[PDB]
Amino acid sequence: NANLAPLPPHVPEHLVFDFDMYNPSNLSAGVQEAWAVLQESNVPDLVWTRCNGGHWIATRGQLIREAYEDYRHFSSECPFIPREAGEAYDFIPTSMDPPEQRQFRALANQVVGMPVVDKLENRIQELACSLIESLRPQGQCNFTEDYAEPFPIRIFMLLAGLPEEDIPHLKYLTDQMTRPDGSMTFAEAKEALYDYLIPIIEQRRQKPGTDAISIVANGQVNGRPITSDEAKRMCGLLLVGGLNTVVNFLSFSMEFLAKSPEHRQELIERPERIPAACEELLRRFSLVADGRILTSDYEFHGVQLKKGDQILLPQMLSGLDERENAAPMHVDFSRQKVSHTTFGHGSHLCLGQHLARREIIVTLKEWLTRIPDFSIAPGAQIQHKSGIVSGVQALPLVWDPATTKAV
């Protein structure tokens, strides 16, 4: 096939597995299911795909975790596939490895961490309730556009102090960086995101507000003032994380709940399990997959990796690995040890995970409280899209208003 890059001389031909992270062959079975083909009986722990320019792929949690811990060998400098995207990628602190990464990560943690999450509580609460109540009597909705997107995105735009009317443009840009439809390269999308931020950053460095952008823009990096460029590279990252992650995860979770009344009933009858349900769904419907670049030749698990080689370390796969969780594809809200790397692993552990869990848990209880019974619109063939961050194309839900209830 013309879509396969010539196998480099150092890569064993028996380790070739032409997986396409942007269009996996088994996609129709579900995106997680599609990626899980990498964990079928005769697939090695580490394979090489000739797709998207050619790159390694760690298929088991053990290797994924090990690689994310070894930043000296596996650098975040070029974290995205294809290589061109990885090279243009300069977001802070994600494109940096410790020790340099730390001073910036600390600043980022200050704008989206637990303390700020605690502060957004009521607003997150209020927004969830207002959106769901308005949908309730209608007995129908396009979940992705009617909740998954507006709920977490409006919260983020609130935190960032940006007008909601800017969401369409920003959402399109961040979409192109994770699930490219082809109308824009990662570099072009990045250039546009930065173009958007530049004047906003300059404005808030002059007239500081209390929003996340102002805090970053006027912040300090281990004692010294952050620069305009640094603030741009950090804010750009925050925007990408805030407009694509929780948005897509909510859809995977709700699609599942819509197709399984028994689980819904479990959460209805016993709402104290929602948090545990949240973690299990985070494991089962994990959706992120970025990676690293080899800093030098290095033998990893019996495989000769060469400097410059890119290796995809799918955060999504660790928790689906049967060597981490028995019956991985089964959703068990009572699962004893929910093992996963959904929020990453190592020095780059998701800073917005606390905000994400809050948004997910609030969604689960507030939705189930008002719309206990709902299903996927009859005949609907739900479609997933694969990428750095996988998602659900559309999720038409239906329900009988009579079975609902105001709160």
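Residue indices: 1-based, along the sequence shown.
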**Asked** Going by the B-factors listed in the PDB entry, is the mean over the C-alpha atoms higher for 2 to 10 or for 397 to 405?
**Response** 397 to 405
**Fill in**
When mean C-alpha B-factors in the record are compared for 294 to 302 and 311 to 319, the larger belongs to 294 to 302
**Asked** Between 81, 120, 238, 217, which one tops the list for C-alpha B-factor in the PDB entry?
**Response** 120
**Asked** Taking the values straight from the PDB record, which of 171, 72, 264, 154 has the highest C-alpha temperature factor?
**Response** 264
**Item:** Record-listed C-alpha B factor of residue 44: chain third
**Value:** middle
**Request:** Would you mind checking where the Cα B-factor of residue 176 ranks among the modelled residues of its chain, as the lowest, middle or highest third?
**Result:** lowest
**Message:** Please say which third, lowest, middle or highest, residue 101 falls into when its CA temperature factor is compared across its chain.
**Reply:** lowest
**Fill in**
Entry-reported C-alpha B-factor of residue 23 relative to its chain, by third, is middle
**Message:** Using the temperature factors of the C-alpha atoms in this entry, rank residue 66 within its chain: lowest, middle or highest third.
**Reply:** lowest
